[PDB]
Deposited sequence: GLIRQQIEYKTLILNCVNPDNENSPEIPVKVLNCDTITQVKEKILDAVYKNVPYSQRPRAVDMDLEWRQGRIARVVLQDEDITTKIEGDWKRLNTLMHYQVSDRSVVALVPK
């Protein structure tokens, strides 16, 4: 079985517990080639074993205490039409993310 020139890999994202921020983050296994929608689906499956839907939530990439950016399937960074993935944004393994209600 052949590996890509630009390889696909699993990553763990540390998702903030929505009920209480100071609680440990929840690890969620995802693929770097996952679209932002697929990432949200995986977080919702893991964090909600009345569920929110992928389209009801924004994925937030967090840095330190306050800094955060919203990642989406399509935005000003999209190259015209591939859906944006984690590798598009270069989200690193073990990055802190959050799901925030739109």
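K.L.:
Just jot down which stretches of the deposited chain sequence have no CA coordinates, in the order they come.
P.N.:
The deposited sequence has unmodelled segments at 1, 51-55, 87-90.
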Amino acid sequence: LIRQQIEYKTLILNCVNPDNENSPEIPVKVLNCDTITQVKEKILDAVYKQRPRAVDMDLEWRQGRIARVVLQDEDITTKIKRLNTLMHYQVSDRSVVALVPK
From here on, numbers count along this sequence of modelled residues.
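K.L.:
Which is higher on average in the deposited entry, the C-alpha temperature factors of 23-31 or of 66-74?
P.N.:
23-31 has the higher mean C-alpha B-factor.
K.L.:
Tell me which of 88-96 and 13-21 has the higher mean C-alpha B-factor in the deposited entry.
P.N.:
Higher mean C-alpha B-factor: 13-21.
K.L.:
Looking at the entry's B-factor column for C-alpha atoms only, identify whether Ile36 ranks in the lowest, middle or highest third of its chain.
P.N.:
Tercile = lowest for this residue's CA B-factor.
K.L.:
Rank-wise, by C-alpha B-factor, drop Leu59 into the lowest, middle or highest third of its chain.
P.N.:
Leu59: CA B-factor falls in the lowest third of its chain.
K.L.:
Hey, what third does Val47 fall into on Cα B-factor, ranked over its chain?
P.N.:
Highest third.
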